[PDB]
Structure formats: structure tokens, C-alpha cells
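Single-structure report; data block below.
In what follows, chains are A, B, ... by sequence order, proteins preceding strands, each numbered from 1.
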Amino acid sequence: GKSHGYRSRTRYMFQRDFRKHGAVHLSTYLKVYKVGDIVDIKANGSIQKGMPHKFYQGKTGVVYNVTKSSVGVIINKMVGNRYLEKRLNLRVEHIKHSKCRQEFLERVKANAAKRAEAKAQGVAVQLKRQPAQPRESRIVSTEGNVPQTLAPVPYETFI
Amino acid sequence: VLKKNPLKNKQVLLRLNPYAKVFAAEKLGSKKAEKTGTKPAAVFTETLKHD
Amino acid sequence: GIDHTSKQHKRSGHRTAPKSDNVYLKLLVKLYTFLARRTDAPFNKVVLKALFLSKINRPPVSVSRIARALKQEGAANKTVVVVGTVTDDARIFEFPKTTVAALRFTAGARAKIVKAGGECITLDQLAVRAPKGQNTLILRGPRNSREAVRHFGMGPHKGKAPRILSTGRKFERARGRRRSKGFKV
Amino acid sequence: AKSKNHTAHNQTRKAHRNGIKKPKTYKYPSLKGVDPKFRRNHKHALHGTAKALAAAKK
Amino acid sequence: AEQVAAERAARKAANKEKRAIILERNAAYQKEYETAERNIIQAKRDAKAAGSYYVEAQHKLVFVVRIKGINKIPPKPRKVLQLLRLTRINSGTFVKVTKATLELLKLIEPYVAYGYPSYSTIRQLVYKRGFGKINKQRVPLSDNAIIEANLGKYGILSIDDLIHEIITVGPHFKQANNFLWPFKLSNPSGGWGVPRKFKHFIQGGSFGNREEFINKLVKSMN
Amino acid sequence: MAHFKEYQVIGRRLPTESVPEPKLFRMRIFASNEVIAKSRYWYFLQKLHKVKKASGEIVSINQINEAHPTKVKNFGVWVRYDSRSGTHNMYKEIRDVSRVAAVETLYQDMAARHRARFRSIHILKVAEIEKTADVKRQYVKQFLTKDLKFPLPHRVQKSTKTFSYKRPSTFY
RNA sequence: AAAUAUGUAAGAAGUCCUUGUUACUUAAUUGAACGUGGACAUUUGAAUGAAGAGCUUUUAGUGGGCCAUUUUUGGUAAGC
RNA sequence: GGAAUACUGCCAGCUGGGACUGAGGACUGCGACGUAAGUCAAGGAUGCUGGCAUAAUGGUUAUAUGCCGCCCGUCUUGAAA
RNA sequence: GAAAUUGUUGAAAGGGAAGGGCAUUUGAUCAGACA
């Protein structure tokens, strides 16, 4: 019959990142996690207890509970036509800090820094982000850059 | 009660954009440009006429 | 052909006229429709929507709920306006003097306000006093205290009053309600 | 009389008819599953700061 | 009583300064339209005389016209077309050219034809097919006061200020473009020019990136 | 694909902060308008250099006119076409009045005799043949003879009316 | 080790400063969590769009499907 | 060396012929032309002339002609079967 | 004293079905306003 076990279809998902086997480095145990932090889930194959389900590998959630050797995260899971909130208990070996939030903070600090200097000197801070605008007109010089004329290559087999 | 199209009804063309009255004075669409007499450089000639 | 994003010919889903055939109620709708159209006051638009509500959407307001609202800071002289029926409460013994305007008054509630030196007026007498609704205070009763509300959304791990006729032993207290018999809900 | 076992056809179109919606986040979320030792002290922390403001606006 | 001649004379006098302000601002646009065109031509001539090549700035606005109909559209292009307000065939709108909008155009390429419009085709589009969106109603412009009533806070108070805001992409392009109702164009008077319509213009069809030749096809549909 | 024109297109592929002043490549394009001339420019630069449209830009596009459009010339054309089975090289000679007119005849000749469409033909090199006795093809050497005269027998005179009252004559 | 699909973030429920609460925690007013007070407004933190957003009750029909593009399994193959 | 023409584009350039449509029903608004009085193609057609007041038009019906049109209901993925 | 069905008279059509839809001719028939 069919097989739908807890760790089904996890042959390569829980591998040990070839030539990174053995014990885990000590920097993952000295990182602090507070309530409200944003973390992403990436399970470790060498730690069996507190291992997340295969569905949550790669997901990103918010920490809501700080236990002794584990943390509680909040994951929004799409079931049917709605999203369901999930509360998960994972040890610190299966999670890490999410860098997507990191660059947001100094943008807040830079936006406050750009706005603070402009209150003394001038209105129109222009603190918003903009997409890649189309390039403007310039002048192409051919001094020492005479255009070389190209032609398509004739068919050659060279087998 | 009825949409009258400009560019072929001159009374509507003067209700909107009142600059259109003096646009026909100098005619502003058959303007003669100043005739400059500079020529392109030599290096552009053999590049265009290259084989 | 138009690629429609929303539902075509969809109604607003809100009442614009009362379903009742009361000729006196339609006179108040006729009066307050003129007031909300020609005053630009936010008070008159609330009354029209409150006058279109059904019986379950206009819960009775006890006379003790009015007295609690007049204990607020700087609200002892505001005219209480209730779009519904004001009922009498026997759990209070001291009632203030401020007048209350409402649609219906019970025998107990009308006698209690007048005995305390109050004044019970109708909604059409408020229009000649406060056309813009100045110094008013709209009060409306609780909607989720109804007996039909507690049965809504019944399901596992909800605790939402399953629909039953008779209560007591041998009536929905067996397996499915305790850990001794099977499982706990 | 074999029939059709299972398919996923028209399932994504049915789910998008009413739209997949956000879980409607709130301020002050539920404290289910939080550390009971931390919650036992947080109850007393709010009790002491309630009477502190009661003695400041007495 | 009064007000039969008094404030009528005041209204006919107050409307005269608005006609004078529009006349002098419309004159100011005419000089800088022709100055910006002569300068690009003169920059191309001066670079050729100096032994150089003058490249021009990339166009900052395109006019997107829907070609494909309604039935049999994949969901991802279907959602993109609804975000550009192209809900029917032969519908047109202006799109600001950025990195985010250029990726939007590549998804719906087999269904739309777009390109860089000139001043003549933009001016004729607003005068004939110009409709405003006021309180979810499709109100024809037909007057400078209706544009002043709904768009007067962002400077634009005439039909040429809105046109100047389109071709010269300024700080208020989003509010000016969204005020205009999507254009309802007809089929071209001379045909599409190709035996088959649903091919790329490079391969001999009509969709894809189609630059300033787009002025010929838009004016035939208008 | 249409009434052809000849263009020159120059690429620049975008100068980074490490390498400024790139090599400014150039080739000659036979196309119908400026839309396809830029498209066919990037088609061959992806066959010769590490470049695409997103990593490069177009410097200048100019239409090349015939220097002597009123002189009959002999052209030698090298092409690279893709058949149903394999790719072959071919050299053909066309006697016409201009470079753009010889390309028009070549595309009609290759499609009629070899069933090759426009997308399967690569124009390697077109060159004017300066001297006679260099024409190696027999279908061009016939018109290089001294005092070339030939009639046109069996003149098919096209009519307009459906009924004619005379018996037609095909004299010339 | 792709392409296509996929998770999160792009602010007021934010940031910063000041110092109150606790039976938790720390060698320790150290920390943690929650507040008091103060400062910073909508070019307030990318683009585009919105016949508005949110929520509840009740009930009908259906629970034999088929075809096509592409991916793909069994089979010599099939309108399998 | 000096021009013309072709090609592409612009004109709030001029002008002729044809077709379909005439909705709204005191005044109000935005304009234009005029020294003014006023006028105007400016928030929807008027003016003049002829013919018939009967089978002129129109309706109904039969027939003819051109094109199109398979049986109704039912179960079914699928019915003119 | 209805329909199915049948007789007579009158009108019309018919080259291996009939019946129908749009448009008009022809024939029969009807109406209006005559202000």
C-alpha cells in the first residue's frame, strides 16, 4: 500500500551538507531569540529531537515563545481556501536568524538620519525607494575605438 | 447631452485650449528652422561606407 | 466582451427602507430622510440606518443602561437617544433627571423617568429640538446576548452551546464530552 | 465498473472563487502555549503596575 | 432683486483670468516642446561633426493596446491585464517605464501591442477619447473646469496641463494617468497590415515591442 | 520578409565600473524597418560574443543607401542555410542593379528552389564582382556577351473586357 | 547545479529617548516582558490596481465527468 | 561643388463628393465673433417646396423567391440517432 | 354542442415529404388622421 509517514520523501531534504558532517559549530547555541523576532526554518539532520516537519523546511515565521532549549514560532499554513496559524516547537539547531529583516532596520535608521539633517536645511527629503529608471542620453566617442565589422561564421562541423 | 469632437469643430477648439486662436497666426506647424551648415566628421564616412 | 473582476449587478446588501408596514414608522423615515439630505450632519444619517434595522438588530435598552451612560465625564446633560424600546430595570434605585428620547416606552420605564423628574419624548420631538443632533448621545443595546447567538459556530473545541431540547443527565454528556468515555470533544 | 480515483483539477479555481485570505492578525494575540512560568510572573507584573497608577491618580 | 447682473458680471470677470492663466501657460509649453526637439537634433549633428555617436535617452512612457480578446487567457497574464485596466479588446492606457513595469509588459506580450507615442498621437487621444473618472463615473472632459475641479490640487487645471503631465513624466503622473478612463478605441481604418494578427511584429505579426511605428496604428484606431 | 532596406547597427555592451570604453562592435543588417534591424543585430552577437539585449545597448542605427543605384552590377553572395537535415553553405551569384535588390532576389530564389524560409537563412557576405571572367555561374555569364539581343516570342497581351470581337495575335 | 514555481519583509500595531511594575531571571536594577512620559506625519518608507473593506446566519444543487497544449507512468499500440 | 526628388513625420493647412443618425423640448452653462448694439456652426434640426388624403405608407394573411433551419421529452462525458 | 375526424362549396400551392426564421414582390384584407 501507500506510505505517508512522518519523514516520508525526505531522502535529500535532511542530508548533512556534504563535507560538513559531524558536530555543529557553537555559534548556533549562543544566538539569542526574543519574542517577535523573525526566523527561518532549516532542519538539521544530525539533531533528531525537536525536528520540524518536512512541510516547514524553508518557511519563515515569528517567534512567540522562548523555552529552555527550544523556541516557539508562528507559521501560516495554507489549507484549502484559507490560511491557518500553526504553532511549532523547534530547538535552536533547526532555526537561524532571518536576514530579510536585518537590512530593513538600518534603512529605518538611514531614513531617520536623512530626515533629521533635512529638517535643519530643507524640505523634500525624497526618502523613498525608486526602481531602476531608464538610462539617459550620453555621447559615444570612438577615439581609439574604431568599430570592428563582424559577420556570421560559415558552417563548420569540426567533429 | 452630446459629445462634440474637437479638431473638427472650431467652436469647441476655442473653448478648450485658448492658445489655438494664436496658433493659426504664425501657423506654428510650418515653422522654418534655422539652416545650419556643419558637416559630419570624416571618420563617420568610411564607417558607414565600410564593406 | 469585458473581463469582469467583480460581480455584475450586485446589490449593496444594506436596507434602504423598512420592511414593516407601519404608517407611523414611515412618517419618521420620511422626516429623517429630508433631514439627512439637507443638513450635512452625521447624526441624521445614523438615525436612518438605525430606523431600518430589524427587531433583533434593535435590542431593548434598559433604564439602568441609560443611567450608566449619564455618569460619564461631561455627559450628565446630553439627551439620550435610543432607536428602539426602553425597558424598566428594578435593580436600580437612583435615577437622574436627564430626558430620554426613544421610539417605544414600556409602562414601567415611562413611569420611572417621569417620577424622577425626567421627560419621555418621541423621535419627532427631537427634530424640532436638535435638527443637527446637538448635545445628543446615541445608545443601543447588546446584540450578542440573544439566545440564538450562543449556538452560532458550533464545532469541535468551540464550546458554543449545542442545540438541544431537554437538558440534564442522558442528554449529550456521554462519549464525546469527557475523557472517561472515549475522548474529550 | 472501475471509476476515477483522484484528481486535483478545478481545485485551485474553486479556492480562488472566494479568494485565499490572510489570517486576520490582531494586537495582543492569544497566549496559548506560552511558558507557564513566564505567564505566572507576568500576571503579577500587571497587578503591581495597576495599583501603581492607581496611587498616582488617586 | 439683486444677483441678476452683479455676480454674473463677477463670474464672467473671474473666469477671464483663468483663461489668461491657461493661455500663458499653454504658450510656455509650446516653446519648450520645440526647444527640446531642436536640441536633440542639434546634439546628433554636433556629435557626428565631432567624430562621435550621440545616443538618446530611453523612452519613459509607452502606450499599451490590448490585442487578444477575453477567452482562454492564463491566470498570470489575466491578473496583469486587470492591473493595467485593459479589460477589453482595443483598450489603451499609458504606462510609466520603470524596471517593475518593464517586467509586467513581458508577461502579457502575446496579448498586447505597445510602443512609444509621440506628441501628436497623445494630443489627439485626449481630445477625442478623453474621459475622466469622477466618483466612479465615466465623465467626458469637454471643459477645463471639470479637470480643475477634480485634479486642480496637483497643479493641472486645463486640458493641456494634463497632456503636458503625460508626455513629460513629472511627479504627478500616477494621479494624472489614473484620472483618465481607459481609452476605448475602434478597429483600425486601414486594417492591421498583416495577414495574421497573433504573431510577433519582428516575425511579421502585431504584438510585442513596437516602437514609433505605433503612432501610425494608434491614429488609425482613433 | 518585406521590401528590404540596409542598415548598420553598433553595439556597446554596457560599460561597467571595471572596464570602460568597450570595443563598439558593428555589422550590416538587411531588414524591412528599424524594428527588425535591431532584433537581427542581437541575433548574431549572441553567436559571436558573450552579450544579450539586457546586457548591452544600441549606439546608432543608420540606413545605408546605394552609392550607384542606377548601375547594373554582378554580386557574389555567400549564404548559410538550414535544410530539413543538416546545415549547408552555398555561394550564389545574382546580377542586379543594387545591393538591396540582389538580396530580394536571393530570398525568393532560396525559398523557391530549396524551400528555405527567412528564419533559416544567414547572410554571410555580399560583394560586388569587379571584373568579368570571374563569374563562375552559367546563368549570369549569358548576359555578359557582346551585343546581346534576344526576342520575346508568344506575347500574352492581357485584356480587360470579357468578350473580344477579334481573334488575338501573339506577334512581336 | 538551473529555468519555471515557492516562504518572508518593504513601518504609527513604527523608531528613538526617559524610568515604573514583577512572586520571573541575574553575582548585581542585570535581563526579560508589559507600561508611564517625550520626540519624529502623510514622497510615512517600492511599482500598479481597486464597481470598497471586514463579519455572520441560513439553505439549494453536486460528490459517474470528458477534451486539448505541455510534463509523465503501464502497454507493441489504441478514439486504451 | 550646388540643387531637385523619393521616403518617413507634422500642420490648433485648405477644399470637394457619398452614406447613416435628428435623441432632448421655456430660460440658466462654457465660449467665439463684434467699438457697441448684439449675433453665432456655443449644454441634441431647422427652413423652403411638392405630392397624396387614398390603399400612398403601414399592419395582418396566403403564395412566390434568396439564404438558413435534422425531433420532441428523457438518462447521459456525449442524442437528429 | 368544443376538439380529434368527415362531406360539400370557395380560395391557393404542389418535379422523391411537409411544417419554420429573416427580407421583399404579388393577391386578399384592415386601420388611422382628415382640423
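- A donor-acceptor contact shorter than 3.5 Å links the side chain of F/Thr105 to the backbone of F/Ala101.
- Taking 4.5 Å as the limit, every side-chain heavy atom of E/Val126 sits out of range of all side-chain heavy atoms of E/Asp160.
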Check step by step if side-chain contact (heavy atoms from CB on, under 4.5 Å) holds for F/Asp109 and F/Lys92. CA-CA 10 Å; F/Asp109 192 359; F/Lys92 292 177 71 68; 3.2 Å; yes
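- A donor-acceptor pair shorter than 3.5 Å can be found between the side chains of E/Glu212 and E/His59.
- Here the side chains of E/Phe63 and E/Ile214 are not in contact, with every heavy-atom distance at 4.5 Å or above.
- Formation of a donor-acceptor pair under 3.5 Å by the E/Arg25 side chain with backbone atoms of E/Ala28 is not found in this model.
- Of the options E/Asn177, E/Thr101, E/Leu61, a side-chain contact (heavy atoms from CB on, under 4.5 Å) to E/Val95 is made by E/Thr101 and by none of the others.
- Within the 4.5 Å cutoff, the side chain of E/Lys68 has no heavy atoms near those of the E/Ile108 side chain.
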Report the C-alpha distance between E/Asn222 and E/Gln124 in whole Å, list the side-chain angles of each, state the deciding distance to 0.1 Å, and finish with yes or no for side chain to side chain donor-acceptor pair (under 3.5 Å). CA-CA 8 Å; E/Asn222 193 14; E/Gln124 289 170 13; 5.1 Å; no
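- A donor and an acceptor atom, one from each side chain of F/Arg26 and A/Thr149, are located under 3.5 Å apart.
- For the pair F/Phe75 and F/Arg95, the minimum side-chain heavy-atom distance is 4.5 Å or more.
- The aromatic rings of E/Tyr33 and E/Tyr29 sit parallel to each other, their planes meeting at less than 30°, with 60° as the upper class boundary.
- Summarising the geometry of E/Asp161 relative to E/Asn26, their closest heavy-atom pair is OD1-OD1, 4.2 Å, with the distance given to 0.1 Å.
- Remark: E/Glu56 does not engage A/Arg138 in a salt bridge, criterion side-chain N to carboxylate O under 4.0 Å.
- A salt bridge is defined here as a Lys NZ or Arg NE, NH1 or NH2 lying under 4.0 Å from an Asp or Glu carboxylate O, and B/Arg15 with E/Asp143 fails to meet this definition.
- Nearest heavy-atom pair, E/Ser91 versus E/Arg85, reported as atom, atom and distance to 0.1 Å: OG-O, 3.9 Å.
- Between F/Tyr81 and F/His114, the two ring planes are parallel [angle under 30°; tilted spans 30° to 60°].
- Under the 3.5 Å distance criterion, the side-chain polar atoms of E/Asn150 are matched with a main-chain donor or acceptor of E/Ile146.
- Listed for the F/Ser120 side chain is no donor-acceptor partner under 3.5 Å among the backbone atoms of F/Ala116.
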Go through the steps to decide whether B/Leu7 and B/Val12 satisfy the test side-chain contact (heavy atoms from CB on, under 4.5 Å), and finish with yes or no. CA-CA 8 Å; B/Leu7 294 174; B/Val12 180; over 6 Å; no
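- Taking the charged nitrogens against the carboxylate oxygens, E/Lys106 and E/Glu109 have no contact shorter than 4.0 Å, which rules out a salt bridge.
- Between the side chain of F/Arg12 and the backbone N or O of F/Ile10, no donor-acceptor pair lies under 3.5 Å.
- Nearest heavy-atom pair across F/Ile123 and F/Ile121 is CD1-CG2, 3.9 Å.
- Side-chain contact between E/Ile89 and E/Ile67 is absent, with no heavy-atom pair separated by less than 4.5 Å.
- Around the NZ atom of E/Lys216, the shell of radius 6.0 Å holds no more than 12 heavy atoms that belong to other residues, nucleotides or ligands.
- No more than 12 heavy atoms of other residues, nucleotides or ligands shown are found within 6.0 angstrom of NZ on F/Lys53.
- Looking only at distances, a side-chain donor or acceptor of A/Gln133 sits under 3.5 Å from a matching main-chain atom of A/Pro131.
- The ring-ring contact (aromatic ring centres under 6.0 Å, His included) analysis of residues 122-141 of chain E, with sequence neighbours excluded, yields no pairs.
- Panel note: side chain E/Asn39, backbone E/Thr35; a donor-acceptor pair is recorded below 3.5 Å.
- Residue E/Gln203 qualifies as open at atom CD: its count of foreign heavy atoms under 6.0 Å is 12 or below.
- With ring centers used as reference points, F/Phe30 lies 6.0 Å or more from F/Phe4.
- The cationic group of E/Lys133 does not satisfy the cation-pi geometry with E/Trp181, failing either the under 6.0 Å distance to the six-membered ring centre or the 45° limit from the ring axis.
- In C/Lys7, the NZ atom is not crowded: 12 or fewer heavy atoms of neighbouring residues, nucleotides or ligands sit closer than 6.0 Å.
- Residues F/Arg99 and F/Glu66 are not paired through a salt bridge, judged by the lack of any N-O separation under 4.0 Å between the basic side chain and the carboxylate.
- Here A/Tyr155 and F/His88 keep their ring centres 6.0 angstrom or further from each other.
- With a 4.5 Å cut-off on side-chain heavy atoms, F/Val77 and F/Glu93 do not count as touching.
- When all heavy atoms of F/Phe44 and F/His122 are compared, the pair lying nearest together is CE2-ND1, 3.4 Å.
- In this structure, E/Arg38 does not pair ionically with E/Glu34, as no charged nitrogen and carboxylate oxygen lie closer than 4.0 Å.
- Shown here is B/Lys8, whose NZ atom has no more than 12 heavy atoms of other residues, nucleotides or ligands within 6.0 Å.
- By the 6.0 Å contact criterion, CD on E/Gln175 is enclosed, its count of non-hydrogen atoms from other residues, nucleotides or ligands being greater than 12.
- Listed for the F/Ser55 side chain is no donor-acceptor partner under 3.5 Å among the backbone atoms of F/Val51.
- The ring pair (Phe, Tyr, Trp, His ring centres under 6.0 Å) search around F/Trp78 returns F/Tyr91, not counting sequence neighbours.
- In terms of heavy atoms, E/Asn144 sits closest to B/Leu16 at ND2-CA, 4.1 Å.
- With respect to the salt-bridge test (charged N to carboxylate O, under 4.0 angstrom), the residues C/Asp3 and E/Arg78 qualify.
- E/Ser120 and E/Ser118 are linked by a side-chain donor-acceptor pair at a separation below 3.5 angstrom, with hydrogens and angles left out of the test.
- The residues F/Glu6 and F/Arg28 are annotated as salt-bridged, a charged nitrogen and a carboxylate oxygen being separated by less than 4.0 angstrom.
- Closest heavy-atom contact between A/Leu150 and F/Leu45: CD1-CD1, 3.9 Å.
- Look at F/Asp96 and F/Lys73 and you find no salt bridge, because none of the NZ, NE, NH1 or NH2 atoms lies under 4.0 Å from a carboxylate O.
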Let's go through F/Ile29 and F/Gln8 carefully: what are the C-alpha distance in whole Å and the side-chain angles of both, what is the deciding distance for side-chain contact (heavy atoms from CB on, under 4.5 Å) to 0.1 Å, and is it a yes or a no? CA-CA 6 Å; F/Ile29 309 293; F/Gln8 69 160 0; over 6 Å; no
side-chain contact (heavy atoms from CB on, under 4.5 Å) between E/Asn90 and E/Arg66, worked out: CA-CA 5 Å; E/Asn90 300 330; E/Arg66 187 167 166 167; over 6 Å; no
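- Using a 4.0 Å cut-off between charged nitrogen and carboxylate oxygen, F/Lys5 and F/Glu34 do not count as a salt-bridge pair.
- Using modelled atom types, no side-chain atom of E/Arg210 and backbone atom of E/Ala113 make a donor-acceptor pair closer than 3.5 Å.
- The backbone N or O of F/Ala102 lies less than 3.5 Å from no partner atom in the side chain of F/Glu104, so there is not a single donor-acceptor pair.
- Figure legend: E/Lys48 and E/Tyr54 shown without cation-pi pairing, the cationic atom not lying both under 6.0 angstrom from the six-membered ring centre and within 45 degrees of its axis.
- Checked against a 6.0 Å centroid threshold, the rings of E/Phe179 and E/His172 do not count as neighbours.
- Aromatic rings of E/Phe207 and E/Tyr111 (six-membered ring for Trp) have centroids beyond the 6.0 Å cut-off, not under it.
- The 12-atom threshold is not exceeded at NZ of E/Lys60, counting heavy atoms of other residues, nucleotides or ligands nearer than 6.0 Å.
- Heavy-atom neighbours of E/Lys219 NZ from other residues, nucleotides or ligands within 6.0 Å: above the threshold of 12.
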